[PDB]
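The structure appears below as C-alpha cells.
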Amino acid sequence: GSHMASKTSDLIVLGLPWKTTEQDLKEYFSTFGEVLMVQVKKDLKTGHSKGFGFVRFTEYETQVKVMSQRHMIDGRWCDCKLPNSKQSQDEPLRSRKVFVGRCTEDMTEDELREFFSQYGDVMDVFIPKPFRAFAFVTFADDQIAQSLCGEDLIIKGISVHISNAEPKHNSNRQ
RNA sequence: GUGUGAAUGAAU
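So for the first sequence, the authors' numbering puts the first residue at 96; every next one is plus one.
Have a look at this one:
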C-alpha cells in the first residue's frame, strides 16, 4: 500500500461552553468528513458534570486530523482527542451473545434488535432495571456475535460500545 | 466544571 490506518472510535469534545447544542457540533465537524453522528455527554443526576461531547466519522483519518489542534465552538475554545476507553483492542471471542456499553435511555430492547438484524439475524435483546450504561444481545450465529464485538456501533445516533458478554448461567459451545 | 464514554442478564 501507500498509507495506513487503525481501529476507529469517537472523538471526545472537551471544553464545551456547557450550553452549545448537539447538532451545532456536527454543523462544524463536517469540515473534516461526513460525520456519521454526534452525541453530547454529561451527568446522569445533574445533567451538568462532564461538559463534553462525542463525534464519529466514516473513516479513521477523519479522527486523527481533528485532534491535531484545537477548535472554536459557539465562540469557545475546545479540544478533540481519543478517550480513555477505546483504541485499545485487538480481537473479541466466540459466542452467540454480545454486550453493550455507554447505553442511554434514548433507545430500548426492540430498537437494538431492529438495528442488530442488519448484520445477520437477532434472537433477542436484554436490558435489566433500573436503566444503566449497558445491555446485552443474542445472535443467530456464533460468528456474527464474534464479528460485531468491540466495533463501537451506533444506534439512531447514539454511539454504543460493544464487548464480550460473559455467562451468568450456562456456558459456551466452542 | 480542570474538562473522559464510566456500570456483564433471566424465568420460578
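Where is the CB? At the ideal position from N, CA and C, for every residue including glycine.
Whole-angstrom distance between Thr126 and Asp237, CA atom to CA atom:
40 Å
Classify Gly142: buried if its beta carbon has 16 or more other beta carbons within 10 angstroms, exposed otherwise.
exposed
Bounding residues of the alpha helix (DSSP H) (the contiguous stretch that carries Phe210):
204-211
Looking only at its own chain, which residues have a Cβ that is under 8 Å from the Cβ of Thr116, when we skip the five neighbours before and after it?
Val135
Could you have a look at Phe127 and say whether DSSP puts it in helix, strand or coil?
coil
Does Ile222 come out as helix, strand or coil in the three-state DSSP assignment?
coil
Tell me which same chain residues have a C-beta within less than 7 Å of the C-beta of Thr153, skipping the five on either side of it?
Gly128, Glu129, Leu131
Decide if the region 215-225 is in contact with the region 158-177; the criterion is three or more beta carbon pairs, one per stretch, under 8 Å apart.
no
Buried or exposed: which applies to residue 45, given that a residue is buried once 16 or more other Cβ atoms fall within 10 Å of its Cβ?
An answer regarding residue 45 cannot be provided, because it is not within the stretch 96 to 269 covered by the chain.
Report the rounded CA-to-CA distance for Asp205 versus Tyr123, giving the unit in angstroms.
32 Å
Alpha carbon to alpha carbon, what distance is there between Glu156 and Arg197?
24 Å
For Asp174, which beta-bridge partners are listed by DSSP?
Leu109
With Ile239 as the anchor, note down where its beta strand (DSSP E) starts and where it stops.
Premise fails: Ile239 is in no beta strand (DSSP E) and is neither H nor E.
So which of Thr199, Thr233, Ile250, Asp119 has the shortest CA-CA distance to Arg191?
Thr233
If we count the other Cβ atoms within 10 Å of its Cβ and call it buried at 16 or more, is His98 buried or exposed?
exposed
Within a Cβ cutoff of 6 Å, which residues of the same chain sit near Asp201, ignoring the five residues on either side of it in sequence?
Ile253
Among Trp113, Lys121, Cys175, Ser163, which has the Cα closest to the Cα of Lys145?
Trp113
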